[PDB]
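Participant: Submitted below is the structure of interest, expressed as structure tokens.
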Amino acid sequence: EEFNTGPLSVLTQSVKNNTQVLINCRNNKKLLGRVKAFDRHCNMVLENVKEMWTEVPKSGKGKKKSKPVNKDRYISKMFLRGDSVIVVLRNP
Amino acid sequence: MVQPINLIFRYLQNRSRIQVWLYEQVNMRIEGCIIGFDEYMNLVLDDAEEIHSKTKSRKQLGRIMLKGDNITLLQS
Amino acid sequence: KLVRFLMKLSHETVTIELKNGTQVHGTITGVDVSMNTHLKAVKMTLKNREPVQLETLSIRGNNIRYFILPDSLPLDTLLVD
Amino acid sequence: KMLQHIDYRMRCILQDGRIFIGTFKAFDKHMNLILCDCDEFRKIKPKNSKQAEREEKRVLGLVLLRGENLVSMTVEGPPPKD
Amino acid sequence: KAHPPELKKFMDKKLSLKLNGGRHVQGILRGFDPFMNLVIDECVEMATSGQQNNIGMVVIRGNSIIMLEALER
Amino acid sequence: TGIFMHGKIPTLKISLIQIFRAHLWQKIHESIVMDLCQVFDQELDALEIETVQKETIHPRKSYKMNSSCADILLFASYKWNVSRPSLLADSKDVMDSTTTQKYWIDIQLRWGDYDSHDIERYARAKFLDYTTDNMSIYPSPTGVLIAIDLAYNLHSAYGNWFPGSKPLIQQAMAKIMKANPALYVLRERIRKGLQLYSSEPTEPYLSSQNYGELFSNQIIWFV
Amino acid sequence: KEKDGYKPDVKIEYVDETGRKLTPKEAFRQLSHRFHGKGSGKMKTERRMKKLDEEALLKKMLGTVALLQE
Amino acid sequence: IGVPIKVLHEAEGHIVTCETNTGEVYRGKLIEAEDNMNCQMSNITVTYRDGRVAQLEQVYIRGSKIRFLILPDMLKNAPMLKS
Amino acid sequence: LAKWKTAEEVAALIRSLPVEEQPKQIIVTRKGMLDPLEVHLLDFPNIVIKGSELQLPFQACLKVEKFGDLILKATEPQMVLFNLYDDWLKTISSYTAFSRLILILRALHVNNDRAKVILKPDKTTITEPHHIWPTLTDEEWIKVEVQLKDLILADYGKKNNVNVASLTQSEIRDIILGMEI
Amino acid sequence: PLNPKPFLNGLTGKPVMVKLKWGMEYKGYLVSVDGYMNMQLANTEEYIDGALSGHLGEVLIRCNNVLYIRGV
Amino acid sequence: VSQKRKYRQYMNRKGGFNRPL
């Protein structure tokens, strides 16, 4: 009933179609991947996620001079605990 | 013997102006007059304005509603 | 409730990244309803430190950022009620 | 699975990095801890160091740790006789 | 089942609150809830800049309250 | 097999036997039945079906041309208001004054030659022959029969219909005929036997607006 | 009939236990195995598995060497 | 109300210390200790993260802001070894 | 003999190289080679052979003294290996490194010695024996890149009866790649 | 005269801008609000520190992270 | 999601002529 009209309709309309969602997490790692499931807490079990975050080389010169680099890692199947979710976003 | 909800009860009986201060964002303050709230202490506020204290900036907001577990204080 | 999916996952070698960045690679032994994760054969790398071998660990369930499950997991027969 | 760890010499990591080791005697539904014999660590913790294995250490004795600040557990050695 | 915090010892007393972000506040207590939100008369703000800022009746969310010190006996 | 040979044409006989080696008829029948049952499980809740029961078919039922039996049986949990027997494409069907609880479904494969490749007529005739017949045992008088012409890749069904059933079966047959593994295997075997193949699109020559793909993960060489 | 009125999104897809989309050829291979009651040989199973892990290793990912050696 | 909160119930009127969420530690003698670990304590020294020392004769610290509580080992023996 | 000989030599190199490094996409600069590749590379149907609507002046390599001298002096046929990006993979992206390399090659083709003196903005900069192009950092690389680009555009405007300022960036890109607007 | 869930009742469908506690801002037509005041926004553009970094589409914004809601 | 197809057996069964469930 109201499972499909609330604000979690972004998640239950993305787990039906198995489309990918972009999640800005709390430590500012970005999870791109398909929701296999979610719940009240947005404990989203996800398949095939690109986890994309930013680094700097952290003063490799000794003079604190470098530019941030985009790093990413692949995770096959994850269980993202949903407190660390800030925003979930369906794709355009 | 009055309560906090007795103060905010009497305060939206006044509709005067108040300034909410936030959890851990000590420079960030928000001024407004409450129109309504209930028990989760989310507050709608009249013509609110963010004042940044260390630069003293007044960014106007309008009809706002602020979330309950963020406030540290309400000073009249 | 999705935590019930995790307590069906007894005896799986999963890694767990916490809110302190510490990656814990080990065979999961028990889950509470609050995701209190009890692990064995633990290889815990606290981040900005070298990894330490420990025989048993018990993470509190609030402090889990995410899990990492292996490739060989049948979740289509695991998330059913 | 924690009743299989009572009275042990447990190494409890907090969310600040302030590590405890002591007598895992009583826990709670929030995992509020009661630890006797417990001592604290910040910087160096022992795997047989080249200099000395236990500095940055303080005596506290018996603590109630709130579960809000608690992360992990590990037993370091068998329980003593007493 | 939320019992009220046991604060009729501290009613009508001059207390210095510590608030969350290293903050501080002073005033007379006037009441509470089970959530330990405190209502305060004669509130002086007392920031870390060093100059003392009176307000009056304020309400403080109990989440942000670290400690009470009853400055009055 | 359900292929009937008028005259002893040894060349055609050996060709057809080679095409249908390894119980391909029965494998196709099994695959079709399982696909339909899966789709029904999928739309169970929307169609108000209690359960799907795979009727225990006799092993030689696929090519049992003279008689027939029920393949799938839908248990309702209620009473549906069913329709009169109409073609799968009959967009306008009148409701019969009856309701049922068990809805049976039969699958019939045929190898139609030039004379008799009208799947609609074949389905109608077989449904009204088997239902009325004494040797064909069906669970309820209400059900559906679905005929697939393999030799011409045609599909159609004739029996009753309750709400949702007609559109569901229409789309399910579309997708089954499009992507069934056994049907694909038979099609490829026929293509191999005829040595008739399809061609290719060269591949777009790398242009200034297409060079962007050169720097992907796939390793590429320039000669 | 007074149909309900909707678009039934029917998807017929064949997938292995690991969740990979299955090509129709090996889908029918598995069907025939389950049908007859006998699977492939040990050597073929090993070859298939080694191919799968080869694909995984290739997808999960000498110019500098040539420049240094030049 | 489990066994650690019963332990701090049995630490009422005793010498107790609390380290707080900000890092201040408070060594005194308790007066009241509730279900939610709120502690009203007395004769107490406050040690900030500055390292300095202060004293005042009473304090009331909120329970969730407690990091931990140094208890005396008067309570280490009796009676909670049956736990 | 020639077409199928070059096809079989490239196929032999592909066979010798391990599968992990074997390409799945090959692009022939000369259109009259893909068909013999289609015939001879049937052992690796997983690859895709196509033509290039853009031509890359690899005769620039022969013009360069190093590669040309090596090719001419090599009495025995061989499979010499090189890295046209000296170390640019660690400094800039692969796409921009390729753009710089093709800019250099086309500039040298249009004017060998002029492009050489441009490639060396100063007479002090040197290229190591393990390098092909002079060792430059970001600023010098950008400046010499724009120099070579403007030289190429000037040559094209001289030769094609059209000015320089009437072409958009898409046209500049397709010209430097080798496409005819 | 107007309490918070009547307020969010009043603005389901108008363009608003909800501000996170972490300084992010989100402009768009919000769709719906639950009991916890999680928010579903459609046609969203994400304003980092008063300057937008992108149009994004449909976003779910979790309730533990909003700072306020502003009706624009 | 999707599940592996569950096909029945015909040859070398040792069971009754009719299908199982």
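Within each chain, counting starts at residue 1; across the structure tokens, chains are named A, B, ... in the order shown, with ligands numbered 1 upward in that order.
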Could you name the residues that touch residue G:19 at 12 Å or less, counting only C-alpha atoms, but leaving out those on the same chain fewer than 6 positions away, as a PyMOL selection string?
Facilitator: (chain A and resi 36+47-48+76-77) or (chain C and resi 71-77) or (chain G and resi 13) or (chain K and resi 1-4)
Participant: Save out the residues we just selected, N, CA and C atoms, as a tab-separated table (two decimals), in the first residue's frame.
Facilitator:
chain	number	residue	atom	x	y	z
A	36	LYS	N	19.95	-4.70	-4.31
A	36	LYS	CA	19.29	-5.99	-4.27
A	36	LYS	C	18.14	-5.98	-3.27
A	47	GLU	N	24.52	-5.05	-5.27
A	47	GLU	CA	25.31	-5.87	-6.16
A	47	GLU	C	26.07	-4.98	-7.13
A	48	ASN	N	27.33	-5.33	-7.39
A	48	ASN	CA	28.18	-4.72	-8.42
A	48	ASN	C	28.34	-3.22	-8.20
A	76	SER	N	31.83	-6.67	-5.19
A	76	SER	CA	30.86	-7.49	-5.92
A	76	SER	C	29.49	-7.43	-5.25
A	77	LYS	N	29.40	-7.91	-4.01
A	77	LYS	CA	28.15	-7.90	-3.25
A	77	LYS	C	28.45	-7.31	-1.89
C	71	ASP	N	31.97	-13.63	-3.76
C	71	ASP	CA	31.33	-13.84	-5.05
C	71	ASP	C	30.29	-14.95	-5.02
C	72	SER	N	30.46	-15.94	-4.14
C	72	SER	CA	29.77	-17.22	-4.24
C	72	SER	C	28.53	-17.29	-3.36
C	73	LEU	N	27.77	-16.22	-3.27
C	73	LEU	CA	26.72	-16.19	-2.26
C	73	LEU	C	25.34	-16.30	-2.90
C	74	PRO	N	24.50	-17.24	-2.46
C	74	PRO	CA	23.15	-17.34	-3.03
C	74	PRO	C	22.12	-16.51	-2.28
C	75	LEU	N	22.06	-15.21	-2.57
C	75	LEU	CA	21.14	-14.35	-1.83
C	75	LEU	C	19.70	-14.46	-2.33
C	76	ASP	N	19.48	-14.93	-3.56
C	76	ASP	CA	18.11	-15.12	-4.02
C	76	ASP	C	17.38	-16.22	-3.25
C	77	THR	N	18.10	-17.17	-2.67
C	77	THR	CA	17.48	-18.04	-1.68
C	77	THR	C	17.75	-17.60	-0.25
G	13	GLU	N	14.33	-14.71	-18.44
G	13	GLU	CA	15.78	-14.62	-18.37
G	13	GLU	C	16.33	-15.86	-17.70
K	1	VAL	N	15.47	-9.73	-9.70
K	1	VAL	CA	16.24	-10.94	-9.42
K	1	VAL	C	15.82	-12.06	-10.36
K	2	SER	N	16.44	-13.22	-10.21
K	2	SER	CA	16.13	-14.37	-11.05
K	2	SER	C	16.65	-15.62	-10.36
K	3	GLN	N	16.01	-16.75	-10.65
K	3	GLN	CA	16.36	-18.03	-10.05
K	3	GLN	C	16.66	-19.05	-11.14
K	4	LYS	N	17.56	-19.98	-10.83
K	4	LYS	CA	17.89	-21.05	-11.77
K	4	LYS	C	16.64	-21.88	-12.05
Participant: Enumerate the residues of stretch 18-50 of chain J with a DSSP assignment of strand (DSSP E), computed from the backbone, and present them as a list in words.
Facilitator: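 After running DSSP on the backbone, stretch 18-50 of chain J has strand (DSSP E) at residues 18, 19, 20, 24, 25, 26, 27, 28, 29, 30, 31, 32, 33, 39, 40, 41, 42, 43, 44, 45, 46, 47 and 48 of chain J.
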Participant: Please write the residues from the selection above to a file, keeping N, CA, C and O atoms, as a CSV table (one decimal), in the first residue's frame.
Facilitator:
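What landed in result06.csv:
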chain,number,residue,atom,x,y,z
J,18,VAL,N,15.9,21.9,0.5
J,18,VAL,CA,16.2,21.4,1.9
J,18,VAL,C,17.7,21.4,2.1
J,18,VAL,O,18.5,21.1,1.2
J,19,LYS,N,18.1,21.8,3.3
J,19,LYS,CA,19.5,22.0,3.6
J,19,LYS,C,19.9,20.9,4.6
J,19,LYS,O,19.2,20.7,5.6
J,20,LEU,N,21.0,20.2,4.2
J,20,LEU,CA,21.5,19.2,5.0
J,20,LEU,C,22.3,19.8,6.2
J,20,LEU,O,22.7,21.0,6.2
J,24,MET,N,25.3,20.8,2.4
J,24,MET,CA,24.7,20.7,1.1
J,24,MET,C,23.3,21.2,1.1
J,24,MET,O,22.6,21.3,2.1
J,25,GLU,N,22.8,21.6,-0.1
J,25,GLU,CA,21.5,22.1,-0.3
J,25,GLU,C,20.9,21.3,-1.5
J,25,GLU,O,21.6,20.9,-2.4
J,26,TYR,N,19.6,21.2,-1.5
J,26,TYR,CA,18.9,20.4,-2.6
J,26,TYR,C,17.7,21.2,-3.0
J,26,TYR,O,16.8,21.4,-2.2
J,27,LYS,N,17.7,21.6,-4.2
J,27,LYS,CA,16.5,22.3,-4.8
J,27,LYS,C,15.8,21.4,-5.7
J,27,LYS,O,16.3,20.7,-6.5
J,28,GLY,N,14.4,21.5,-5.6
J,28,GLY,CA,13.6,20.7,-6.5
J,28,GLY,C,12.2,20.5,-5.9
J,28,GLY,O,11.9,21.0,-4.8
J,29,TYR,N,11.3,19.9,-6.7
J,29,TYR,CA,10.0,19.6,-6.2
J,29,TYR,C,10.1,18.3,-5.4
J,29,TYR,O,10.4,17.2,-5.9
J,30,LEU,N,9.8,18.4,-4.1
J,30,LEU,CA,9.8,17.2,-3.3
J,30,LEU,C,8.5,16.4,-3.5
J,30,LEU,O,7.4,17.0,-3.7
J,31,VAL,N,8.6,15.1,-3.5
J,31,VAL,CA,7.4,14.2,-3.7
J,31,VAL,C,6.7,13.9,-2.4
J,31,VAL,O,5.5,14.1,-2.3
J,32,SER,N,7.5,13.4,-1.4
J,32,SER,CA,6.8,12.8,-0.2
J,32,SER,C,7.7,12.8,1.0
J,32,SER,O,8.9,12.9,0.9
J,33,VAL,N,7.0,12.7,2.1
J,33,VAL,CA,7.6,12.7,3.5
J,33,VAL,C,6.9,11.7,4.3
J,33,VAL,O,5.7,11.6,4.4
J,39,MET,N,13.0,12.5,3.0
J,39,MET,CA,12.4,13.2,1.9
J,39,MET,C,12.6,12.6,0.6
J,39,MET,O,13.7,12.1,0.3
J,40,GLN,N,11.6,12.6,-0.3
J,40,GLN,CA,11.9,12.2,-1.7
J,40,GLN,C,11.7,13.5,-2.5
J,40,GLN,O,10.7,14.1,-2.6
J,41,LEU,N,12.8,13.9,-3.2
J,41,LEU,CA,12.8,15.0,-4.1
J,41,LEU,C,12.9,14.6,-5.5
J,41,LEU,O,13.7,13.7,-5.8
J,42,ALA,N,12.1,15.2,-6.4
J,42,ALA,CA,12.3,15.0,-7.8
J,42,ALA,C,12.8,16.3,-8.4
J,42,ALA,O,12.6,17.4,-7.8
J,43,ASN,N,13.4,16.2,-9.6
J,43,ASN,CA,14.0,17.4,-10.3
J,43,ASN,C,15.0,18.1,-9.5
J,43,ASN,O,14.8,19.3,-9.2
J,44,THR,N,15.9,17.4,-8.9
J,44,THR,CA,16.8,18.0,-7.9
J,44,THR,C,18.1,18.6,-8.6
J,44,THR,O,18.6,18.1,-9.6
J,45,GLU,N,18.5,19.7,-8.0
J,45,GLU,CA,19.8,20.3,-8.3
J,45,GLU,C,20.6,20.5,-7.0
J,45,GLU,O,20.0,21.1,-6.0
J,46,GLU,N,21.8,20.0,-6.9
J,46,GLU,CA,22.5,20.0,-5.6
J,46,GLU,C,23.4,21.2,-5.5
J,46,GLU,O,24.4,21.3,-6.2
J,47,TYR,N,23.1,22.1,-4.5
J,47,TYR,CA,23.9,23.3,-4.3
J,47,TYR,C,24.9,23.0,-3.2
J,47,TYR,O,24.5,22.9,-2.0
J,48,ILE,N,26.1,22.9,-3.5
J,48,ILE,CA,27.2,22.8,-2.5
J,48,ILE,C,27.7,24.2,-2.2
J,48,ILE,O,28.2,24.9,-3.1
Participant: Excluding same-chain residues fewer than 6 positions from residue F:213, what lies within 12 Å of it counting only C-alpha atoms, as a list in words?
Facilitator: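 Using only C-alpha atoms, the neighbours found are residues 206, 207, 219 and 220 of chain F; 25, 94 and 95 of chain I.
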Participant: Give me, please, the distance in Å between atom CA of residue B:50 and atom CA of residue B:29, quoted to one decimal.
Facilitator: 5.7 Å
Participant: Please provide the set of residues having any atom within 12 Å of residue A:26, restricted to only C-alpha atoms, with same-chain residues fewer than 2 positions apart removed, written as a PyMOL selection string.
Facilitator: (chain A and resi 23-24+28-31+53+80-88) or (chain C and resi 18-21+65-66) or (chain J and resi 20-22+62+64-65)
Participant: With N, CA, C and O atoms kept, could you save the residues just selected as an mmCIF file, in the first residue's frame?
Facilitator:
data_model
loop_
_atom_site.group_PDB
_atom_site.id
_atom_site.type_symbol
_atom_site.label_atom_id
_atom_site.label_comp_id
_atom_site.auth_asym_id
_atom_site.auth_seq_id
_atom_site.Cartn_x
_atom_site.Cartn_y
_atom_site.Cartn_z
ATOM 1 N N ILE A 23 24.755 6.601 -4.215
ATOM 2 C CA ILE A 23 24.615 6.864 -2.794
ATOM 3 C C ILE A 23 25.797 7.722 -2.387
ATOM 4 O O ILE A 23 26.952 7.294 -2.507
ATOM 5 N N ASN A 24 25.526 8.932 -1.917
ATOM 6 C CA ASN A 24 26.529 9.669 -1.166
ATOM 7 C C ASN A 24 26.424 9.219 0.277
ATOM 8 O O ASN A 24 25.400 9.457 0.932
ATOM 9 N N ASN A 28 31.776 10.231 2.671
ATOM 10 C CA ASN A 28 31.912 10.771 1.319
ATOM 11 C C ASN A 28 32.562 9.797 0.349
ATOM 12 O O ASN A 28 33.225 10.204 -0.604
ATOM 13 N N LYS A 29 32.375 8.508 0.581
ATOM 14 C CA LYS A 29 32.543 7.543 -0.486
ATOM 15 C C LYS A 29 31.221 7.409 -1.224
ATOM 16 O O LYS A 29 30.150 7.404 -0.617
ATOM 17 N N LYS A 30 31.297 7.334 -2.548
ATOM 18 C CA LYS A 30 30.111 7.299 -3.389
ATOM 19 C C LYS A 30 29.912 5.882 -3.889
ATOM 20 O O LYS A 30 30.796 5.322 -4.541
ATOM 21 N N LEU A 31 28.761 5.307 -3.587
ATOM 22 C CA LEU A 31 28.446 3.955 -4.013
ATOM 23 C C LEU A 31 27.526 4.009 -5.218
ATOM 24 O O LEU A 31 26.404 4.503 -5.120
ATOM 25 N N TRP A 53 35.776 7.432 -4.364
ATOM 26 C CA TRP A 53 36.081 8.478 -3.402
ATOM 27 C C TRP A 53 37.288 9.258 -3.897
ATOM 28 O O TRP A 53 37.850 8.973 -4.961
ATOM 29 N N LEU A 80 25.417 -2.577 2.583
ATOM 30 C CA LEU A 80 25.620 -1.245 3.126
ATOM 31 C C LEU A 80 24.636 -1.017 4.263
ATOM 32 O O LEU A 80 23.418 -1.033 4.051
ATOM 33 N N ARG A 81 25.169 -0.820 5.466
ATOM 34 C CA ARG A 81 24.344 -0.436 6.597
ATOM 35 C C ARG A 81 23.846 0.983 6.404
ATOM 36 O O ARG A 81 24.618 1.897 6.115
ATOM 37 N N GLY A 82 22.554 1.170 6.580
ATOM 38 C CA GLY A 82 21.959 2.383 6.087
ATOM 39 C C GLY A 82 21.984 3.593 6.976
ATOM 40 O O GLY A 82 21.328 4.581 6.647
ATOM 41 N N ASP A 83 22.688 3.573 8.103
ATOM 42 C CA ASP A 83 22.857 4.828 8.818
ATOM 43 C C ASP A 83 23.815 5.742 8.084
ATOM 44 O O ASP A 83 23.608 6.959 8.048
ATOM 45 N N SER A 84 24.852 5.169 7.476
ATOM 46 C CA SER A 84 25.860 5.960 6.797
ATOM 47 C C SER A 84 25.379 6.516 5.469
ATOM 48 O O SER A 84 26.110 7.293 4.857
ATOM 49 N N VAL A 85 24.189 6.128 5.004
ATOM 50 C CA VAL A 85 23.582 6.755 3.837
ATOM 51 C C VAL A 85 23.280 8.210 4.142
ATOM 52 O O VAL A 85 22.611 8.523 5.132
ATOM 53 N N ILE A 86 23.770 9.111 3.298
ATOM 54 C CA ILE A 86 23.157 10.425 3.312
ATOM 55 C C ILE A 86 22.096 10.480 2.232
ATOM 56 O O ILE A 86 20.913 10.643 2.544
ATOM 57 N N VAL A 87 22.473 10.338 0.966
ATOM 58 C CA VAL A 87 21.458 10.415 -0.082
ATOM 59 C C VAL A 87 21.566 9.258 -1.062
ATOM 60 O O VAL A 87 22.662 8.857 -1.471
ATOM 61 N N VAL A 88 20.407 8.715 -1.422
ATOM 62 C CA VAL A 88 20.247 7.718 -2.471
ATOM 63 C C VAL A 88 19.593 8.413 -3.653
ATOM 64 O O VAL A 88 18.683 9.228 -3.471
ATOM 65 N N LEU C 18 34.297 -0.422 8.914
ATOM 66 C CA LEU C 18 33.635 0.254 10.013
ATOM 67 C C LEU C 18 33.652 1.758 9.786
ATOM 68 O O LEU C 18 34.142 2.254 8.771
ATOM 69 N N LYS C 19 33.118 2.493 10.755
ATOM 70 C CA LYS C 19 33.094 3.941 10.661
ATOM 71 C C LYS C 19 34.445 4.559 10.972
ATOM 72 O O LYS C 19 34.667 5.731 10.656
ATOM 73 N N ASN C 20 35.350 3.796 11.579
ATOM 74 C CA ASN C 20 36.710 4.244 11.816
ATOM 75 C C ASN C 20 37.658 3.816 10.708
ATOM 76 O O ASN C 20 38.877 3.933 10.857
ATOM 77 N N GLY C 21 37.120 3.316 9.594
ATOM 78 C CA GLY C 21 37.926 2.890 8.473
ATOM 79 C C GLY C 21 38.552 1.523 8.614
ATOM 80 O O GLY C 21 39.211 1.064 7.673
ATOM 81 N N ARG C 65 30.089 0.413 9.003
ATOM 82 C CA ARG C 65 29.738 1.185 7.819
ATOM 83 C C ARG C 65 29.117 0.284 6.763
ATOM 84 O O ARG C 65 27.966 0.488 6.366
ATOM 85 N N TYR C 66 29.851 -0.729 6.312
ATOM 86 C CA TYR C 66 29.264 -1.690 5.389
ATOM 87 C C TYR C 66 29.941 -3.044 5.513
ATOM 88 O O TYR C 66 31.022 -3.175 6.094
ATOM 89 N N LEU J 20 20.984 20.220 4.224
ATOM 90 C CA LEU J 20 21.544 19.173 5.046
ATOM 91 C C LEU J 20 22.340 19.787 6.191
ATOM 92 O O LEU J 20 22.665 20.978 6.188
ATOM 93 N N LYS J 21 22.668 18.958 7.183
ATOM 94 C CA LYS J 21 23.518 19.435 8.264
ATOM 95 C C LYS J 21 24.950 19.605 7.794
ATOM 96 O O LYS J 21 25.715 20.367 8.391
ATOM 97 N N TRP J 22 25.324 18.915 6.724
ATOM 98 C CA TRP J 22 26.677 18.935 6.198
ATOM 99 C C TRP J 22 26.886 20.038 5.172
ATOM 100 O O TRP J 22 27.842 19.977 4.393
ATOM 101 N N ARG J 62 17.962 11.267 3.448
ATOM 102 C CA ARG J 62 17.680 10.543 4.672
ATOM 103 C C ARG J 62 17.423 11.507 5.825
ATOM 104 O O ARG J 62 17.982 12.603 5.883
ATOM 105 N N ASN J 64 18.081 11.517 9.036
ATOM 106 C CA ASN J 64 19.105 11.815 10.029
ATOM 107 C C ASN J 64 20.086 12.888 9.589
ATOM 108 O O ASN J 64 21.015 13.185 10.345
ATOM 109 N N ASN J 65 19.930 13.457 8.399
ATOM 110 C CA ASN J 65 20.932 14.335 7.830
ATOM 111 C C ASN J 65 20.393 15.668 7.341
ATOM 112 O O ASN J 65 21.174 16.472 6.843
#
Participant: Neighbouring residues of residue F:34 were defined as those with any atom within 10 Å, considering only C-alpha atoms; residues of the same chain fewer than 3 positions away were excluded. Please report them as a PDB file with N, CA and C atoms, in the first residue's frame.
Facilitator:
ATOM      1  N   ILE F  28      11.785 -29.601 -25.932  1.00  0.00           N
ATOM      2  CA  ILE F  28      11.077 -28.360 -26.231  1.00  0.00           C
ATOM      3  C   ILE F  28       9.801 -28.273 -25.407  1.00  0.00           C
ATOM      4  N   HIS F  29       9.045 -29.370 -25.348  1.00  0.00           N
ATOM      5  CA  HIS F  29       7.804 -29.358 -24.580  1.00  0.00           C
ATOM      6  C   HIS F  29       8.077 -29.033 -23.115  1.00  0.00           C
ATOM      7  N   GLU F  30       9.082 -29.691 -22.536  1.00  0.00           N
ATOM      8  CA  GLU F  30       9.453 -29.434 -21.151  1.00  0.00           C
ATOM      9  C   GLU F  30       9.807 -27.967 -20.949  1.00  0.00           C
ATOM     10  N   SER F  31      10.630 -27.415 -21.845  1.00  0.00           N
ATOM     11  CA  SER F  31      11.058 -26.028 -21.701  1.00  0.00           C
ATOM     12  C   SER F  31       9.868 -25.080 -21.746  1.00  0.00           C
ATOM     13  N   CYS F  37       5.031 -21.883 -16.538  1.00  0.00           N
ATOM     14  CA  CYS F  37       4.822 -21.994 -15.098  1.00  0.00           C
ATOM     15  C   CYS F  37       5.576 -20.903 -14.350  1.00  0.00           C
ATOM     16  N   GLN F  38       6.787 -20.578 -14.803  1.00  0.00           N
ATOM     17  CA  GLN F  38       7.552 -19.514 -14.162  1.00  0.00           C
ATOM     18  C   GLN F  38       6.843 -18.173 -14.287  1.00  0.00           C
ATOM     19  N   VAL F  39       6.350 -17.854 -15.485  1.00  0.00           N
ATOM     20  CA  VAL F  39       5.664 -16.575 -15.659  1.00  0.00           C
ATOM     21  C   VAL F  39       4.419 -16.520 -14.780  1.00  0.00           C
ATOM     22  N   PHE F  40       3.713 -17.645 -14.669  1.00  0.00           N
ATOM     23  CA  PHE F  40       2.534 -17.687 -13.812  1.00  0.00           C
ATOM     24  C   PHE F  40       2.900 -17.496 -12.348  1.00  0.00           C
ATOM     25  N   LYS F  54       2.438 -28.304 -11.452  1.00  0.00           N
ATOM     26  CA  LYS F  54       2.942 -28.951 -12.658  1.00  0.00           C
ATOM     27  C   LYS F  54       2.302 -30.329 -12.761  1.00  0.00           C
ATOM     28  N   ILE F  72      -0.404 -27.805 -17.035  1.00  0.00           N
ATOM     29  CA  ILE F  72      -0.332 -26.950 -15.857  1.00  0.00           C
ATOM     30  C   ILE F  72      -1.723 -26.863 -15.249  1.00  0.00           C
TER      31      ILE F  72
ATOM     32  N   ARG K   5      16.425 -22.189 -13.325  1.00  0.00           N
ATOM     33  CA  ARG K   5      15.249 -22.953 -13.714  1.00  0.00           C
ATOM     34  C   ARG K   5      15.299 -24.345 -13.096  1.00  0.00           C
ATOM     35  N   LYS K   6      14.135 -24.852 -12.700  1.00  0.00           N
ATOM     36  CA  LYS K   6      14.020 -26.139 -12.017  1.00  0.00           C
ATOM     37  C   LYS K   6      13.320 -27.117 -12.956  1.00  0.00           C
ATOM     38  N   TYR K   7      14.106 -27.840 -13.748  1.00  0.00           N
ATOM     39  CA  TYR K   7      13.564 -28.770 -14.726  1.00  0.00           C
ATOM     40  C   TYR K   7      13.421 -30.164 -14.126  1.00  0.00           C
ATOM     41  N   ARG K   8      12.529 -30.947 -14.722  1.00  0.00           N
ATOM     42  CA  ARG K   8      12.246 -32.306 -14.288  1.00  0.00           C
ATOM     43  C   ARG K   8      13.112 -33.298 -15.058  1.00  0.00           C
TER      44      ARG K   8
END
Participant: Give me the residues near residue F:59 as a compact mmCIF listing (two decimals) with N, CA and C atoms, in the first residue's frame, where near means some atom within 10 Å (using only C-alpha atoms) and where sequence neighbours in that chain fewer than 2 positions away do not count.
Facilitator:
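Written out: out_31.txt:
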# COMPACT_ATOMS: atom_id res chain seq x y z
N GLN F 26 10.57 -33.60 -26.92
CA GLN F 26 10.23 -33.62 -25.51
C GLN F 26 10.97 -32.52 -24.75
N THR F 56 1.52 -33.95 -13.51
CA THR F 56 2.47 -35.04 -13.76
C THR F 56 2.15 -35.65 -15.12
N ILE F 57 2.89 -35.23 -16.14
CA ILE F 57 2.63 -35.66 -17.51
C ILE F 57 3.24 -37.03 -17.74
N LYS F 61 3.76 -37.97 -23.60
CA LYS F 61 2.60 -37.12 -23.82
C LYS F 61 2.86 -36.05 -24.88
N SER F 62 4.13 -35.69 -25.10
CA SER F 62 4.43 -34.59 -26.01
C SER F 62 3.99 -34.92 -27.43
N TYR F 63 4.26 -36.14 -27.89
CA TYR F 63 3.90 -36.58 -29.23
C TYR F 63 2.73 -37.55 -29.22
N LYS F 64 1.89 -37.47 -28.19
CA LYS F 64 0.67 -38.28 -28.10
C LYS F 64 -0.42 -37.54 -28.88
N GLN K 9 12.98 -34.57 -14.70
CA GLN K 9 13.76 -35.65 -15.28
C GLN K 9 12.86 -36.61 -16.03
N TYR K 10 13.38 -37.18 -17.11
CA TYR K 10 12.64 -38.15 -17.92
C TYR K 10 13.32 -39.51 -17.97
N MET K 11 14.62 -39.55 -18.23
CA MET K 11 15.33 -40.80 -18.44
C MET K 11 16.06 -41.23 -17.17
N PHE K 17 6.19 -43.43 -13.67
CA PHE K 17 6.13 -42.83 -15.00
C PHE K 17 5.73 -41.37 -14.93
N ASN K 18 4.83 -41.02 -14.01
CA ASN K 18 4.40 -39.64 -13.88
C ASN K 18 5.48 -38.79 -13.23
N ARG K 19 5.40 -37.48 -13.46
CA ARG K 19 6.40 -36.55 -12.96
C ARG K 19 6.31 -36.42 -11.44
